[PDB]
Amino acid sequence: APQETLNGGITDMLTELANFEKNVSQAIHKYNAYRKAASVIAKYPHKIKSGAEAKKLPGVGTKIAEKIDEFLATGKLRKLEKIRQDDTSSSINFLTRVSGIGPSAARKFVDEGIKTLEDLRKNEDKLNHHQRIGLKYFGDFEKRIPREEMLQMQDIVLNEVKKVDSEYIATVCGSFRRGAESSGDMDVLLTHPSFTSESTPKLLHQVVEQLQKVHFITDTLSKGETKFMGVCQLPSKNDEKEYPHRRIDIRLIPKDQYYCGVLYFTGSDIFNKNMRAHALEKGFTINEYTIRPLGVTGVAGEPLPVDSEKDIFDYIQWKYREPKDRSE
DNA sequence: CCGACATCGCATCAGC
DNA sequence: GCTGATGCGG
DNA sequence: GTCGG
Ligand code: NA
Ligand code: NA
Ligand code: NA
Ligand code: NA
(Lines give C-alpha, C1' and ligand atoms only; values in the text may rest on other atoms or scores of the structure.)
(Ligands and ions follow the chains in the order given, each with its own letter.)
Protein backbone atom coordinates (compact mmCIF):
# COMPACT_ATOMS: atom_id res chain seq x y z
CA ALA A 1 0.00 0.00 0.00
CA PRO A 2 1.10 3.61 -0.70
CA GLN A 3 3.06 5.46 1.99
CA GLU A 4 0.90 7.47 4.39
CA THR A 5 2.90 10.48 3.18
CA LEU A 6 0.63 10.48 0.12
CA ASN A 7 -2.80 11.19 1.60
CA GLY A 8 -2.14 10.61 5.30
CA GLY A 9 -3.28 14.12 6.13
CA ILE A 10 -6.63 13.36 4.51
CA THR A 11 -7.05 9.87 5.93
CA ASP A 12 -6.14 11.08 9.45
CA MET A 13 -8.73 13.86 9.10
CA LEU A 14 -11.45 11.46 7.95
CA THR A 15 -10.64 8.97 10.72
CA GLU A 16 -10.83 11.69 13.37
CA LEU A 17 -14.19 12.83 12.00
CA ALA A 18 -15.26 9.18 12.05
CA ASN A 19 -14.50 8.84 15.74
CA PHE A 20 -16.47 11.94 16.73
CA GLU A 21 -19.47 10.72 14.71
CA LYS A 22 -19.41 7.39 16.56
CA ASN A 23 -18.46 8.48 20.08
CA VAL A 24 -19.95 11.97 20.37
CA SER A 25 -22.80 12.41 17.87
CA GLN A 26 -23.76 8.71 18.09
CA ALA A 27 -24.16 8.40 14.32
CA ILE A 28 -22.68 4.97 13.61
CA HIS A 29 -23.51 5.09 9.91
CA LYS A 30 -21.62 8.36 9.46
CA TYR A 31 -18.76 6.79 11.42
CA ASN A 32 -18.62 3.99 8.88
CA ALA A 33 -19.08 6.34 5.91
CA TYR A 34 -15.96 8.23 7.01
CA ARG A 35 -14.06 4.98 7.65
CA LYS A 36 -14.92 3.67 4.18
CA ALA A 37 -13.77 6.94 2.65
CA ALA A 38 -10.50 6.79 4.60
CA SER A 39 -9.91 3.19 3.48
CA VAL A 40 -10.54 3.76 -0.22
CA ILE A 41 -8.32 6.83 -0.06
CA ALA A 42 -5.65 5.09 1.98
CA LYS A 43 -5.22 2.59 -0.85
CA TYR A 44 -5.26 5.16 -3.69
CA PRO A 45 -1.72 5.11 -5.23
CA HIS A 46 -1.69 8.83 -6.04
CA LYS A 47 -1.37 12.00 -3.99
CA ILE A 48 -4.82 13.57 -4.20
CA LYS A 49 -4.89 17.07 -5.67
CA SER A 50 -8.58 17.93 -5.26
CA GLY A 51 -11.91 16.86 -3.83
CA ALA A 52 -13.13 16.22 -7.38
CA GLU A 53 -10.39 13.66 -7.90
CA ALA A 54 -11.29 11.91 -4.66
CA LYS A 55 -15.02 11.94 -5.38
CA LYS A 56 -14.40 9.48 -8.23
CA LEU A 57 -13.55 6.91 -5.56
CA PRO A 58 -16.44 4.78 -4.25
CA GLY A 59 -17.42 5.99 -0.80
CA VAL A 60 -16.28 9.59 -1.23
CA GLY A 61 -19.20 11.93 -1.85
CA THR A 62 -19.99 15.62 -2.14
CA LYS A 63 -19.36 16.44 1.53
CA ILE A 64 -16.03 14.68 1.88
CA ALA A 65 -14.86 16.16 -1.44
CA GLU A 66 -15.60 19.61 -0.07
CA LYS A 67 -13.75 18.87 3.17
CA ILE A 68 -10.77 17.65 1.14
CA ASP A 69 -10.76 20.89 -0.85
CA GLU A 70 -10.64 22.83 2.43
CA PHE A 71 -7.86 20.65 3.84
CA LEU A 72 -5.72 20.94 0.70
CA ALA A 73 -6.00 24.73 0.59
CA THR A 74 -5.65 25.46 4.31
CA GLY A 75 -3.93 22.43 5.79
CA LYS A 76 -6.86 21.96 8.17
CA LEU A 77 -10.62 21.74 8.64
CA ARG A 78 -12.34 24.38 10.80
CA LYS A 79 -14.99 22.00 12.14
CA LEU A 80 -12.38 19.47 13.24
CA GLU A 81 -10.15 22.14 14.77
CA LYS A 82 -13.16 23.36 16.72
CA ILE A 83 -14.32 19.98 17.99
CA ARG A 84 -10.73 19.18 19.08
CA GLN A 85 -10.66 22.19 21.42
CA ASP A 86 -14.14 21.41 22.74
CA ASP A 87 -13.52 20.16 26.26
CA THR A 88 -16.76 18.21 26.49
CA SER A 89 -16.59 16.54 23.09
CA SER A 90 -12.88 15.73 23.28
CA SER A 91 -13.46 14.16 26.69
CA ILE A 92 -16.43 12.07 25.57
CA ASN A 93 -14.51 10.92 22.50
CA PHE A 94 -11.55 10.00 24.70
CA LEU A 95 -13.36 8.05 27.37
CA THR A 96 -14.68 5.59 24.78
CA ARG A 97 -11.13 4.27 24.36
CA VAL A 98 -11.78 2.45 27.63
CA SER A 99 -13.16 -1.00 26.78
CA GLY A 100 -16.64 -1.21 28.23
CA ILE A 101 -17.19 2.55 27.96
CA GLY A 102 -19.30 3.26 24.89
CA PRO A 103 -20.92 6.50 23.63
CA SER A 104 -23.67 6.33 26.27
CA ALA A 105 -21.46 5.77 29.32
CA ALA A 106 -18.90 8.31 28.08
CA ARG A 107 -21.51 11.03 27.73
CA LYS A 108 -22.94 10.23 31.17
CA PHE A 109 -19.52 10.40 32.79
CA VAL A 110 -18.65 13.74 31.18
CA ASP A 111 -22.08 15.18 32.07
CA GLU A 112 -21.29 14.60 35.74
CA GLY A 113 -17.71 15.84 35.49
CA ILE A 114 -15.79 12.58 35.00
CA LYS A 115 -13.55 13.37 32.02
CA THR A 116 -10.22 11.61 32.49
CA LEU A 117 -8.75 8.24 33.44
CA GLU A 118 -7.73 9.95 36.66
CA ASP A 119 -11.36 10.82 37.26
CA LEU A 120 -12.34 7.26 36.37
CA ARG A 121 -9.74 5.93 38.82
CA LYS A 122 -11.31 8.08 41.55
CA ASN A 123 -14.77 6.67 40.85
CA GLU A 124 -14.52 2.87 40.77
CA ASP A 125 -18.01 2.68 42.27
CA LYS A 126 -19.52 4.13 39.09
CA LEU A 127 -17.87 1.60 36.78
CA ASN A 128 -19.22 -1.88 36.03
CA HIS A 129 -16.96 -4.95 36.00
CA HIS A 130 -16.09 -4.69 32.29
CA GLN A 131 -15.18 -1.00 32.56
CA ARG A 132 -12.95 -1.50 35.61
CA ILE A 133 -11.00 -4.08 33.61
CA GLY A 134 -10.83 -1.80 30.58
CA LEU A 135 -9.47 0.93 32.85
CA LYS A 136 -7.03 -1.36 34.62
CA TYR A 137 -5.51 -2.40 31.28
CA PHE A 138 -6.16 0.79 29.29
CA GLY A 139 -2.59 0.96 28.01
CA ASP A 140 -2.03 -2.74 27.41
CA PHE A 141 -5.26 -3.07 25.45
CA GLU A 142 -4.11 -0.40 22.98
CA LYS A 143 -0.85 -2.23 22.29
CA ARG A 144 -0.59 -4.63 19.37
CA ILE A 145 0.61 -8.22 19.72
CA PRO A 146 3.72 -9.37 17.80
CA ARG A 147 3.25 -12.61 15.85
CA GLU A 148 5.91 -14.31 17.98
CA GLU A 149 3.88 -13.65 21.13
CA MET A 150 0.74 -14.80 19.34
CA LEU A 151 2.60 -18.05 18.58
CA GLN A 152 3.48 -18.47 22.26
CA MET A 153 -0.12 -17.74 23.17
CA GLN A 154 -1.37 -20.28 20.66
CA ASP A 155 1.01 -22.89 22.04
CA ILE A 156 -0.55 -22.48 25.48
CA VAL A 157 -4.16 -22.46 24.26
CA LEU A 158 -3.81 -25.52 22.04
CA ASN A 159 -1.90 -27.43 24.71
CA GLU A 160 -4.37 -26.75 27.53
CA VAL A 161 -7.41 -27.41 25.32
CA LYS A 162 -6.03 -30.82 24.27
CA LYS A 163 -5.20 -31.47 27.94
CA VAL A 164 -8.83 -30.97 28.99
CA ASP A 165 -10.12 -33.25 26.22
CA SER A 166 -8.08 -34.51 23.25
CA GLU A 167 -11.22 -34.49 21.12
CA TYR A 168 -11.63 -30.70 21.33
CA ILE A 169 -10.73 -28.83 18.15
CA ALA A 170 -9.42 -25.27 18.57
CA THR A 171 -8.40 -22.77 15.91
CA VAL A 172 -6.88 -19.32 16.42
CA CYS A 173 -8.40 -17.25 13.64
CA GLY A 174 -8.28 -13.58 12.68
CA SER A 175 -5.48 -11.90 10.75
CA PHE A 176 -3.06 -14.08 12.70
CA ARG A 177 -4.35 -17.11 10.82
CA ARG A 178 -3.80 -15.22 7.56
CA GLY A 179 -0.17 -14.86 8.64
CA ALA A 180 -0.17 -11.23 9.84
CA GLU A 181 2.94 -9.89 11.60
CA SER A 182 0.89 -8.47 14.46
CA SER A 183 -2.57 -8.85 15.96
CA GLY A 184 -4.90 -6.70 18.05
CA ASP A 185 -6.19 -9.60 20.13
CA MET A 186 -6.68 -13.37 20.04
CA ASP A 187 -9.79 -15.01 18.64
CA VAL A 188 -10.18 -18.73 19.33
CA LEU A 189 -12.88 -20.92 17.81
CA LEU A 190 -13.59 -24.08 19.79
CA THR A 191 -15.68 -27.15 19.03
CA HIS A 192 -16.15 -30.74 20.21
CA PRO A 193 -17.62 -33.69 18.28
CA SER A 194 -20.16 -34.02 21.11
CA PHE A 195 -21.68 -30.61 20.33
CA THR A 196 -23.81 -30.26 17.20
CA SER A 197 -26.62 -27.93 16.12
CA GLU A 198 -29.13 -30.56 17.23
CA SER A 199 -27.28 -32.31 20.06
CA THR A 200 -26.60 -30.88 23.53
CA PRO A 201 -23.46 -27.47 28.52
CA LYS A 202 -20.03 -26.96 30.10
CA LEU A 203 -17.65 -27.59 27.19
CA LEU A 204 -16.58 -23.94 27.16
CA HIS A 205 -16.33 -23.60 30.93
CA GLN A 206 -13.91 -26.50 31.24
CA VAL A 207 -11.51 -24.88 28.77
CA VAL A 208 -11.78 -21.41 30.32
CA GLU A 209 -11.23 -23.03 33.71
CA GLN A 210 -8.03 -24.81 32.67
CA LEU A 211 -6.63 -21.66 31.08
CA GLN A 212 -7.27 -19.90 34.40
CA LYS A 213 -5.79 -22.81 36.38
CA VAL A 214 -2.42 -22.40 34.62
CA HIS A 215 -2.76 -18.64 35.06
CA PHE A 216 -2.96 -17.79 31.35
CA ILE A 217 -6.40 -16.19 31.59
CA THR A 218 -6.23 -13.41 34.16
CA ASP A 219 -9.63 -11.68 33.96
CA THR A 220 -13.14 -12.24 32.63
CA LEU A 221 -15.15 -9.59 30.79
CA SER A 222 -18.07 -11.89 29.99
CA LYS A 223 -18.72 -15.61 29.89
CA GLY A 224 -21.68 -17.71 28.85
CA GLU A 225 -22.26 -21.17 27.41
CA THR A 226 -20.96 -20.34 23.93
CA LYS A 227 -18.89 -17.18 24.25
CA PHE A 228 -16.07 -16.07 26.52
CA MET A 229 -14.41 -12.67 26.38
CA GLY A 230 -11.49 -11.90 28.63
CA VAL A 231 -7.86 -11.14 29.34
CA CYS A 232 -4.70 -13.22 29.26
CA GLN A 233 -0.95 -12.83 29.71
CA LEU A 234 2.09 -14.88 28.73
CA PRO A 235 4.29 -15.96 31.64
CA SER A 236 7.32 -13.72 32.12
CA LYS A 237 10.89 -14.91 32.57
CA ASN A 238 12.83 -14.14 35.75
CA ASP A 239 14.07 -10.54 35.86
CA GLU A 240 12.18 -9.95 32.60
CA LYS A 241 9.72 -7.12 32.07
CA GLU A 242 6.25 -8.67 32.26
CA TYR A 243 4.31 -9.11 29.02
CA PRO A 244 1.32 -6.78 28.43
CA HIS A 245 -2.13 -8.16 29.27
CA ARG A 246 -4.01 -9.18 26.11
CA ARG A 247 -7.61 -9.53 25.00
CA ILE A 248 -8.73 -13.03 24.14
CA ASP A 249 -12.12 -14.29 23.00
CA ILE A 250 -13.07 -17.97 22.89
CA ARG A 251 -16.23 -19.15 21.09
CA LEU A 252 -17.86 -22.57 21.31
CA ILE A 253 -19.38 -23.54 17.96
CA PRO A 254 -21.45 -26.60 16.93
CA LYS A 255 -19.32 -29.13 15.03
CA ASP A 256 -21.47 -28.95 11.88
CA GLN A 257 -21.02 -25.16 11.74
CA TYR A 258 -17.40 -25.03 12.86
CA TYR A 259 -15.68 -24.55 9.53
CA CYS A 260 -18.17 -21.97 8.31
CA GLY A 261 -17.14 -20.22 11.53
CA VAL A 262 -13.39 -20.57 10.97
CA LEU A 263 -13.75 -19.29 7.40
CA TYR A 264 -15.73 -16.25 8.50
CA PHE A 265 -13.55 -15.37 11.50
CA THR A 266 -10.39 -15.75 9.42
CA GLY A 267 -11.53 -13.18 6.86
CA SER A 268 -10.41 -10.79 5.80
CA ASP A 269 -13.59 -8.72 5.71
CA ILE A 270 -13.00 -7.90 2.05
CA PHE A 271 -12.54 -11.58 1.24
CA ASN A 272 -15.74 -12.64 2.98
CA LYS A 273 -17.68 -9.97 1.09
CA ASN A 274 -16.30 -11.29 -2.19
CA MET A 275 -16.77 -14.97 -1.37
CA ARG A 276 -20.32 -14.32 -0.23
CA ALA A 277 -20.89 -12.55 -3.54
CA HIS A 278 -19.50 -15.36 -5.69
CA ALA A 279 -21.40 -17.87 -3.57
CA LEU A 280 -24.60 -15.99 -4.33
CA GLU A 281 -24.05 -15.76 -8.09
CA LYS A 282 -23.49 -19.52 -7.84
CA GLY A 283 -26.81 -20.15 -6.11
CA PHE A 284 -25.58 -20.40 -2.51
CA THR A 285 -26.13 -18.32 0.63
CA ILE A 286 -23.13 -18.20 2.98
CA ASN A 287 -23.14 -16.76 6.50
CA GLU A 288 -20.91 -17.36 9.54
CA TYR A 289 -22.93 -20.47 10.44
CA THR A 290 -23.86 -22.36 7.27
CA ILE A 291 -24.03 -22.59 3.49
CA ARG A 292 -27.44 -23.27 1.99
CA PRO A 293 -28.80 -23.69 -1.55
CA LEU A 294 -31.11 -21.02 -2.98
CA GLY A 295 -34.18 -22.28 -4.81
CA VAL A 296 -35.53 -20.72 -8.00
CA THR A 297 -37.83 -18.33 -6.10
CA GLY A 298 -34.99 -17.56 -3.71
CA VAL A 299 -36.14 -19.92 -0.97
CA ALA A 300 -33.08 -21.02 1.00
CA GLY A 301 -32.88 -24.77 1.52
CA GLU A 302 -31.47 -26.81 4.40
CA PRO A 303 -27.80 -26.20 5.26
CA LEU A 304 -25.31 -28.32 3.31
CA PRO A 305 -22.87 -30.60 5.18
CA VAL A 306 -19.45 -29.03 5.78
CA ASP A 307 -16.46 -30.91 7.21
CA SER A 308 -13.70 -28.51 6.22
CA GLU A 309 -13.09 -25.06 4.80
CA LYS A 310 -12.54 -26.72 1.42
CA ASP A 311 -16.05 -28.22 1.40
CA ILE A 312 -17.26 -24.62 1.35
CA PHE A 313 -15.04 -23.60 -1.59
CA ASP A 314 -16.05 -26.76 -3.47
CA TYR A 315 -19.76 -26.00 -3.16
CA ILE A 316 -19.22 -22.68 -4.93
CA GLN A 317 -16.80 -24.00 -7.57
CA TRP A 318 -13.91 -21.99 -6.15
CA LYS A 319 -10.34 -23.25 -5.83
CA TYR A 320 -9.47 -23.50 -2.15
CA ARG A 321 -7.35 -20.53 -1.19
CA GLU A 322 -4.79 -20.41 1.60
CA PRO A 323 -5.51 -18.05 4.51
CA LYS A 324 -2.43 -16.04 3.54
CA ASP A 325 -4.11 -15.39 0.19
CA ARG A 326 -7.43 -14.17 1.58
CA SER A 327 -6.39 -10.53 1.86
CA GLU A 328 -9.27 -9.91 -0.54
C1' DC B 1 -36.63 11.09 -1.98
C1' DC B 2 -35.43 8.31 1.63
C1' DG B 3 -34.15 3.51 3.62
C1' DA B 4 -29.88 0.59 4.24
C1' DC B 5 -25.68 0.71 6.28
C1' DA B 6 -24.99 -7.34 9.98
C1' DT B 7 -26.21 -9.43 13.51
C1' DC B 8 -26.04 -11.56 18.01
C1' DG B 9 -23.94 -13.14 23.02
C1' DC B 10 -23.63 -11.44 27.32
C1' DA B 11 -24.17 -7.97 31.16
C1' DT B 12 -27.18 -4.87 32.81
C1' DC B 13 -31.03 -1.83 32.74
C1' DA B 14 -35.99 -0.75 32.61
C1' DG B 15 -40.66 -2.07 33.06
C1' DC B 16 -44.07 -4.89 34.91
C1' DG C 1 -39.14 -12.30 40.65
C1' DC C 2 -39.47 -12.55 35.01
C1' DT C 3 -39.22 -10.71 30.28
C1' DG C 4 -37.80 -7.63 26.93
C1' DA C 5 -34.79 -3.50 25.85
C1' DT C 6 -30.45 -1.38 25.87
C1' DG C 7 -25.39 -0.85 25.85
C1' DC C 8 -21.35 -2.80 24.28
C1' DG C 9 -18.18 -5.30 21.69
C1' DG C 10 -16.78 -8.08 17.82
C1' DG D 1 -22.29 10.65 4.70
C1' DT D 2 -22.80 7.83 0.70
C1' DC D 3 -25.06 4.96 -2.22
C1' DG D 4 -28.83 3.40 -5.12
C1' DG D 5 -33.75 1.52 -5.90
NA1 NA E 1 -17.68 8.88 -4.92
NA1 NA F 1 -13.56 2.25 21.79
NA1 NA G 1 -14.97 1.69 24.70
NA1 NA H 1 -8.59 -38.25 25.03
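Any value given below was found using the heavy atoms of this structure, including those in side chains, with hydrogens, waters and symmetry copies removed. Proteins come first, then strands; the chains are lettered A, B, ... in the order of their sequence lines, and each starts at number 1.
- No contact: A:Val40 has no heavy atom under 4.0 Å from any strand.
- Counting any heavy atom pair closer than 4.0 Å across all strands shown, A:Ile28 reaches no nucleic acid atom.
- Sequence neighbours left out, the pairs with a member in residues 169-179 of chain A that pass side chain to side chain donor-acceptor pair (under 3.5 Å) are A:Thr171-A:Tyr258, A:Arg177-A:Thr266, A:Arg177-A:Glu309.
- In this structure, A:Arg147 forms a cation-pi arrangement with A:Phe176, its terminal cationic atom sitting closer than 6.0 Å to the ring centre and no more than 45° off the ring axis.
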Exercise. Any chance you could list the contact pattern along nucleotides 5-13 of chain B? Use B for base contacts, S for sugar-phosphate-only contacts and - for none, protein heavy atoms under 4.0 Å, 5' to 3'.
Key: BB-SSSSS-
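- Within 4.0 Å of A:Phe265, counting heavy atoms only, lies no atom of the nucleic acid at all.
- Listed by first then second residue, pairs satisfying side chain to side chain donor-acceptor pair (under 3.5 Å) with a partner in residues 150-163 of chain A read A:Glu148-A:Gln152, A:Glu160-A:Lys163, A:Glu160-A:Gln210, not counting sequence neighbours.
- Every pair passing ring-ring contact (aromatic ring centres under 6.0 Å, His included) that includes a residue from residues 125-144 of chain A is listed here, sequence neighbours excluded: A:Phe94-A:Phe138, A:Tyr137-A:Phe141, A:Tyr137-A:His245.
- Nucleotides of DNA chain D with any atom under 4.0 Å from a heavy atom of chain A span, from 5' to 3', D:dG1 to D:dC3.
- Among the atoms of the strands shown, only primed sugar atoms or phosphate atoms (P, OP1, OP2) are found under 4.0 Å from some heavy atom of A:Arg247.
- Taking atom P in both B:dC5 and C:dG10, the straight-line distance is 23 Å, to the nearest Å.
- Atom P of B:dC8 sits at a distance of 29 Å from the matching atom of D:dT2, rounded to the whole Å.
- Using a 4.0 Å cut-off between charged nitrogen and carboxylate oxygen, A:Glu70 and A:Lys76 do not count as a salt-bridge pair.
- Protein chain A contacts DNA chain C from C:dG7 to C:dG10, reading 5' to 3' and using non-hydrogen atoms of the protein with a distance under 4.0 Å.
- Taking a cutoff of 4.0 Å between a charged side-chain nitrogen and a carboxylate oxygen, A:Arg121 and A:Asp119 do not qualify as a salt bridge.
- Between A:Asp185 and A:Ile145, the shortest heavy-atom contact is CA-CD1, 3.7 Å.
- Under the 4.0 Å criterion applied to side-chain N and carboxylate O atoms, A:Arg84 and A:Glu81 are assigned as salt-bridge partners.
- Within the cation-pi definition used here (under 6.0 Å to the ring centroid, within 45° of the axis), A:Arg326 qualifies as a partner of A:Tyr320.
- Partner assigned to B:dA6 is none, using Watson-Crick or G-U wobble distances below 3.5 angstrom.
- At a threshold of 4.0 angstrom between heavy atoms, the contacts of A:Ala37 with the nucleic acid are absent.
- Contact annotation for A:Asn287: no contact, since no heavy-atom pair falls under 4.0 Å across all strands.
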Practice problem: Go through A:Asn23 and A:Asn93 one step at a time and tell me if the side-chain hydrogen bond (donor to acceptor under 3.5 Å, both in side chains) criterion holds. | Solution: CA-CA 5 Å; A:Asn23 314 319; A:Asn93 185 54; 2.9 Å; yes
Practice problem: Could you go through the side chain to side chain contact (heavy atoms under 4.5 Å, CB included) check for A:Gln206 and A:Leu204 one step at a time? | Solution: CA-CA 6 Å; A:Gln206 280 171 275; A:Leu204 180 55; over 6 Å; no
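- Across the P atoms, B:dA4 and C:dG9 are found 25 Å apart, a figure rounded to whole Å.
- Nucleotide D:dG1 shows a negative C1'-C2'-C3'-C4' value and thus a south, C2'-endo-like sugar.
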